[PDB]
Amino acid sequence: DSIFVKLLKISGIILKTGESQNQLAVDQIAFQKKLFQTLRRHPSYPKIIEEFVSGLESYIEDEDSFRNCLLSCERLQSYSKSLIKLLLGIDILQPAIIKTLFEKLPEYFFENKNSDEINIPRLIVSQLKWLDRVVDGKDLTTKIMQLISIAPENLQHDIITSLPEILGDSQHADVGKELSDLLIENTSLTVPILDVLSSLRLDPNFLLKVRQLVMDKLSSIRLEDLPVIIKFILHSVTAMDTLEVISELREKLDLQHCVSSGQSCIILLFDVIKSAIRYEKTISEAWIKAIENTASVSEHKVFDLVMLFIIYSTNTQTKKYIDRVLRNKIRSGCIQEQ
Amino acid sequence: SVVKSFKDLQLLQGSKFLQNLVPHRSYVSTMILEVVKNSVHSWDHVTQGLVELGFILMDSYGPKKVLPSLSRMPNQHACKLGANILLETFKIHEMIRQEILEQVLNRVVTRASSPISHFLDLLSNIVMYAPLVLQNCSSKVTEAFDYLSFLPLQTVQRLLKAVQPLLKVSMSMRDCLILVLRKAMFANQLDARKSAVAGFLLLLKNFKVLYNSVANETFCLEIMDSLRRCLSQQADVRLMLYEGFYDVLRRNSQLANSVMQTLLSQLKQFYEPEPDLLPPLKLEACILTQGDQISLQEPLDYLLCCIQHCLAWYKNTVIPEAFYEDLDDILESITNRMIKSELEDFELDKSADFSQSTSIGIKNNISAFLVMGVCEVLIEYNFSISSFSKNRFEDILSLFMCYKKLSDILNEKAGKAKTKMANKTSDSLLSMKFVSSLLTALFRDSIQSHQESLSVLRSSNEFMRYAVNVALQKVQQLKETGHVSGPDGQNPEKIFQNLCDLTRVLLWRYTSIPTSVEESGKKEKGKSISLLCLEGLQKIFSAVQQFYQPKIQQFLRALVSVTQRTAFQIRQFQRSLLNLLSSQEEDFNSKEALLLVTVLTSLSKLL
């Protein structure tokens, strides 16, 4: 009886009551153009949109109805998209459905895997990925920033990495700024933010600043995220900066704050560093230079010797060179038996 | 000790005089491969030096000369002993797996400038043998997925092909490659996006499943949406997508509409859907210029080719709904108007001389190649439509006459400069399947329902010589690289069947109709059809010895041991040479004789 269900029925989608998927009578483009010309030529042009979305929100109050609207439709006539993505394909509907998608998203913060083990808010943000047309880029950005601020930790971990799918190729600067400003506060979310910052289109001197910023706070990271961050740092070296970053890393990595609780994480970390030096030869040389040039500091750590034996056992050019260096550390009293 | 042995063995096999005298000695090759059998029990001391010998033989004797007998064949034979050592050592010694398979990878990833085919072969062999015994050494693979962005593309495709058998069985390794490809989808380098596209096409191409079986379908749809967005990037990524979409269809039928609309919408940016508008493709949008740097985007030719292949497959397979008829009538409108276009709709030959000095000549040259590709695709379409209608063959002739006018244009303009550009000898957009069928229908076919209609094609000699030229181009592509350019141009079995079919047809035209029927013109005596058929025969016989060595029985059976079949074929060829000789011709085409002794030199290695 609502305008929404009537227009969808004459458009050619059978609305299921909410267990199995919604059926399709026509094709996707046919339905989209059908509803477009239907809403175009219909009288009362600037109010049928608000009536449509009011009927929509009143319909998707129910969990099953909304869950089926989010899930992909069924071809009766061989398998296509969801009603929400098809509806967001139409530019004149887009921002209203965006708004009523984000207004009801704080309803599903604490809702997690009730019946079908389908986590809802990831299904909500699924329908914004790879949009053909974006109207309101700034508004969409500010809305996801409000959500990414206010969200639970798991939800903001999820949506933050699905950012590059969502945004076009314009509005990346302020997004980078807000995410880095989130990074200085929250250290639990270091791993996906860095993941993303290379996966946007940022200026390189923003990335180097965030890299310096995370190496500054490298001690304040939980143990599980540590090999991932070191993986990021080592994967993001050039030929020119390598020694400064490696030497910061040599001076800042301790193994007296993380020591089946700590041993597994250290195993993983050494696996990362082994696999870095194996697949990239300049990190070995960089790292012998970072220990050999430490002459004054008779604060040599454990990390210096375990690194010397790993670069010995792997790439086997270094052997004469680590014999020489390690001789010159024992005469000098710098490395000792304890 | 291993390179010397193979020198010695080549001397004996090349000469009977030494075979009579020397009684058959065991060679170092067989001894090493005996050592490896013996080593299973307890000899672990010995096995860590077999691996080092393996990789010394492969690292030292592997190719470089492609990036002679003595520099090649006792180095080719050492490098394949190396790989045999490491594969046999890898099968039975369960502890030098994560040291061979991390040392093969560390050579594949990191060198990438020097040729590393030999390691990819070994890595394919290692996987193919038992990916069941590589789920105990898997993390060494998924650490090389993180280096995948920075590799050249051919290495990525080869290395992704080679691990396919690991991707069949392991779902963790598939879901570890997806995260890397998705992350490199957006990365700022160019080659990372190509490697993502490649990986995504190969995951769509080889797999259905990537837990409810709705999310697999929506995931395929989302991948296809990311690739649909990649369609608006640069030219090469578009071209990769257009080649890939056919193989994506032919495996996963369910993605039919998601592909075809993806092309049709992409066609409609460059198509004008009104009759009596004479350039029926918008060629301006296909070239972009930003301050005198001038480059291509959207090759229309490959797009239409992908459309026509997918559409033909849609007709022949899917129907035995009211969408494909639209694209049919679009293509028919393009043919109908491309016929009654002439040369000033694309401003060709009169106003611009396609000069490689200015931006405008660049634009016009790209335009000309695009129109040439379109005409070739529409030749293949118009052939494919009907059971040999006269009117459609007149349209084929008219399209070919347009293409041939453009070719003689481009040849005269490559006559002022040189033919240094390999862009007209750049591939034809005819499938090899189609050229086989076309030459079978041109020469051999004598069914009266087709004769009246084919007689307009046969009467065009330039068409038939173009057709055999195209078959020669496909065999030269098979020789130079491993495989050919078009559809089904990467499955060796399809190239084998089409090689057999070309052999049959060209033999029938060589032997049945002689050479001394030349009533055309004296420029065609080094370009005659019975000569080009023999040239194609020479290339086929070379290529089938090289690449299809294990099939020469079932190559010849399509034309009792191999000796009798080869003897009968030699009887044909040597009879040909005999009547060529005793004719006592003073002009004496020595080219045909050279090719005849070349094919006989090729054949006599099978007796």
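Structure: above.
The sections below set out a description of the structure shown in this document.

Notes on the pattern of salt bridges
The full count for this structure, using the stated rule, is 35 salt bridges over all chains. When salt bridges with common partners are traced through the structure, they connect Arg278(A), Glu102(B), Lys140(B) and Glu143(B) into a single cluster.

What about the environment of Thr142(B)?
Residue and element names in this part refer to chain B. Residue placement: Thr142 occurs in the loop between α7 (117–129) and α8 (153–162). Separated by 31 residues in the primary sequence, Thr142 and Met173 have C-alpha atoms spaced 6.8 Å apart. Setting aside its immediate chain neighbours within four residues, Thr142 contacts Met173 and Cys176.

Some words on unusual backbone geometry
Its identity is not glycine, yet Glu117(A) carries a phi of approximately 60°, on the positive side. Along the polypeptide, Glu117(A) turns up in the loop between α6 (94–102) and α7 (120–126). Looking at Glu117(A), the relative accessible area reads 46%, which means it is partly exposed. Notably, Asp292(B) is not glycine yet its phi reads approximately 75°, a positive angle. Looking at where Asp292(B) falls in the secondary structure, it is placed in the loop between β1 (287–290) and β2 (293–296).

As for helix α26 (residues 590–603) of chain B
The terminal C-alpha atoms of α26(B) lie 20 Å apart, and with 14 residues this matches the ideal 20 Å at 1.5 Å per residue to within 8%. Those residues of α26(B) that are buried lie in contact with α22 (492–511), α23 (529–547) and α25 (562–582) of chain B.

What to know about a nonpolar patch on the surface
Where nonpolar side chains cluster on the molecular surface, the patch consists of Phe17(B), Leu21(B) and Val22(B) and spans about 320 Å² of accessible area. According to the relative accessible area criterion, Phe17(B) is exposed, its value standing at 62%.

Regarding the side chain of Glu380(B)
Residues and elements named next belong to chain B. Among the structural elements, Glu380 can be located in helix α17 (residues 359–385). Salt bridges are absent for the buried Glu380, whose nearest opposite-charge side chain, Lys433, sits at 9.4 Å. Discounting residues that sit within four places of it in the chain, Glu380 has contacts with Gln308, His309, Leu429, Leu430, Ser431 and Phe434.

Quick notes on helix α8 (residues 137–150) of chain A
All names here are of chain A. The end-to-end C-alpha distance of α8 is 20 Å, a good match for the 20 Å that 14 residues give at a rise of 1.5 Å each. What α8 keeps buried is the set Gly137, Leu140, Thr141, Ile144, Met145, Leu147 and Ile148. One side of α8 carries all its buried residues, which in axial view fall inside an arc of 165°. Of the exposed residues in α8, the ones pointing more than 90 degrees away from its buried face are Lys138 and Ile150.

What about the nonpolar core?
Proteins that are soluble and globular tend to have nonpolar side chains buried together. In this structure, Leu439(B) and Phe573(B) are the most contacted members of the largest nonpolar core, which totals 187 residues. If one sorts the elements of this core by residue count, α17(B) sits on top with 14 residues. When near neighbours in sequence (up to four residues on either side) are disregarded, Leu439(B) contacts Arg444(B), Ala467(B), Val468(B), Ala471(B), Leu502(B) and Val505(B). Ranked by size, the runner-up nonpolar core spans 101 residues in total, among them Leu39(A), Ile84(A), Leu105(A) and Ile311(A).

A look at the sheet that holds strand β2 (residues 23–24) of chain A
Read from one edge to the other, the open sheet built from three strands follows the order β1-β2-β3 (chain A), with strand pairing classed as mixed. Looking at strand neighbours, the two that pair on one side only are β1 (13–14) and β3 (74–75) of chain A, the edges of this open sheet.

Re the packing of helix α18 (residues 390–416) of chain B against helix α20 (residues 448–458) of chain B
Residues and elements named next belong to chain B. In the contact formed by α18 and α20, the axes pass within 9 Å of each other and the chain directions differ by 10°. In terms of orientation, α18 lies roughly parallel with respect to α20. In contact with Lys390, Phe393, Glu394, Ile396 and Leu397 of α18, α20 contributes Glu452, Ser453, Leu454, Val456 and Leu457.

Examining the interface of chain B and chain A
In many reports, interface size means the accessible area that the parts give up when they come together. Between chain B and chain A, the contact holds 27 residues from the first and 27 residues from the second. Taking both sides of the interface into account, the surface hidden between chain B and chain A amounts to around 2600 Å²; carbon and sulfur atoms contribute 48%. In this structure, the connection of chain B to chain A is made through four salt bridges. With its nearest N and O atoms 3.2 Å apart, the salt bridge here joins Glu102(B) to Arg278(A). Here chain B and chain A share 10 residue pairs in polar contact between them. Elements supplying a minimum of two residues to the side of chain B that touches chain A: α6 (97–108), α10 (171–185), α12 (215–230) and α14 (256–268) of chain B.

A few points about the side chain of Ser226(B)
Within the secondary structure layout, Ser226(B) lies in helix α12. The class of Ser226(B) is buried, set by a relative accessible area of 5%. At 2.5 Å, the side chain of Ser226(B) forms a polar contact with the backbone oxygen of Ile223(B). With residues near it in sequence (within four places) discarded, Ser226(B) still touches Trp130(A) and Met185(B).

Calculation notes
- Residues numbered from 1 in each chain as written, not as in the entry; some residues may be left out.
- Chains lettered and ligands numbered in written order.
- Part of a larger assembly, values for the part shown.
- Heavy atoms only, no water.
- Salt bridge = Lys/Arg side-chain N within 4 Å of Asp/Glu carboxyl O.
- Helix = DSSP H or I, 4+ residues; strand = E, 2+ residues; numbered from the N terminus.
- Contact = heavy atoms within 4.5 Å.
- Buried < 20%, exposed > 50% of the residue type's maximum accessible area, 1.4 Å probe, protein only.
- Expected span 1.5 Å × (residues − 1).
- Patch = residues over 30% accessible without salt bridge, like charges linked within 9 Å, V, L, I, M, F, W, Y side chains within 5 Å.
- Areas by Shrake-Rupley, 256 points an atom, 1.4 Å probe, with all protein chains shown as cover.
- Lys, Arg positive; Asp, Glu negative; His and termini not counted.
- Arc of directions from axis to C-beta.
- Core = buried A, V, L, I, M, F, W, Y, C linked by side-chain atoms within 4.5 Å.
- Pairing = 2+ DSSP bridges.
- Axes fitted to C-alpha atoms, helices over the stretch in contact; angles between N-to-C directions.
- Parallel < 35°, antiparallel > 145°, perpendicular 65-115°, else oblique.
- Buried area = accessible area lost by both parts, 1.4 Å probe.
- Polar contact = N/O pair within 3.5 Å; in protein donor to acceptor, adjacent residues only side chain to side chain.

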